Amino acid sequence: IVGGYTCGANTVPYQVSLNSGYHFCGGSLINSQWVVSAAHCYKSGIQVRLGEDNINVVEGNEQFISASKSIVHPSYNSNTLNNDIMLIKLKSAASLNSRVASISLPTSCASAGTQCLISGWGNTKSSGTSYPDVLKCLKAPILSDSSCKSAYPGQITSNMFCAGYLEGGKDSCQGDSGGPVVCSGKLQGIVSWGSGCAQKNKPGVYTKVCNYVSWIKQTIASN
Ligand SMILES: [Ca+2]
């Protein structure tokens with residue numbers, strides 16, 4: 001997160017870190033046994049780390065649970081990043097309390113104008129590299145489909161939306177990928193892609209979760 005603020009410990013209780021020896025991606029806890037993340041985050045050997053604030057210190061609210069199964073979206077295309085979404089089942093159920101909690105799925109899509117909370121342990125510099133230890137947060141609006149498409153001609157599908165600021169300076173970044181975009185208490189987006197970070201006229205591009213709720217629910221029901 002570039003141009004954000006320190007969230008505060010365990011204030012984003014659905015935020016997870018994906019670990020394969022180091023933090024490499026975010027995700028969101030959507031029930032006690034399932035995590036939603038970006039398909040471009042897929043790899044084997046994932047450990048899900050819940051209840052984190054400082055990813056480099058054991059602080060006392062962590063739960064570390066191995067993935068038992070990963071499911072990339074059937075239609076994921078790694079070249080276009082269309083359908084950049086994946087489900088991870090945990091080997092055991094997480095224990096849910098105030099500091100570790102699931103996030104609601106949307107029953108309807110969000111619209112342009114709605115403010116959202118984006119969070120992660122990704123890079124904090126736009127023209128630089130500095131990775132935080134503690135979770136960072138940014139409040140940002142959804143942008144119109146037209147300004148999204150004008151920012152990225154020929155690249156925005158119906159499964160993507162833009163959020164952030166056209167002026168630059170505030171955005172998600174490398175290492176935030178897979179993490180949440182939550183609007184009025186609903187998981188509306190997944191950190192997916194963008195040209196650089198926090199650059200002028202190059203807002204964040206997010207997976208449009210509302211398009212996937214049917215796939216998410218049926219997948220959970222059968223696995
Ligand atoms: Ca920790």
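Note that ligands are numbered from 1 as they come in the structure, with each ligand's atoms numbered from 1 the same way. Residue indices begin at 1 and follow the sequence shown.
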Nearest N/O/S atom of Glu62 with respect to the Ca ion (ligand 1), by atom name, please.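 Among the N, O or S atoms of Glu62, the one closest to the Ca ion (ligand 1) is OE2.
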
Heavy atoms from other residues, nucleotides or ligands near OH of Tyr131 exceed 12 (cutoff 6.0 Å):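 Yes, because the 6.0 Å sphere around OH of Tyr131 holds more than 12 heavy atoms from other groups.
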
Taking backbone and side chain together, does [X] place any N/O/S atom at a distance below 3.0 Å from the Ca ion (ligand 1)?
{"X": "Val58", "value": "no"}
{"X": "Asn56", "value": "no"}
{"X": "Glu52", "value": "yes"}

Taking all heavy atoms of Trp121 and all of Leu135, pick out the closest pair and write down the distance.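 So the two residues come closest at NE1-N, 3.3 Å.
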
How far apart are the closest heavy atoms of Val191 and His40, and which atoms are they?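 Reported closest heavy-atom pair: O-CE1, 4.3 Å.
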
The single option from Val36, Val182, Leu50, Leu187 passing side-chain contact (heavy atoms from CB on, under 4.5 Å) against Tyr14: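 Between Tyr14 and the candidates, side-chain contact (heavy atoms from CB on, under 4.5 Å) is satisfied uniquely by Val182.
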
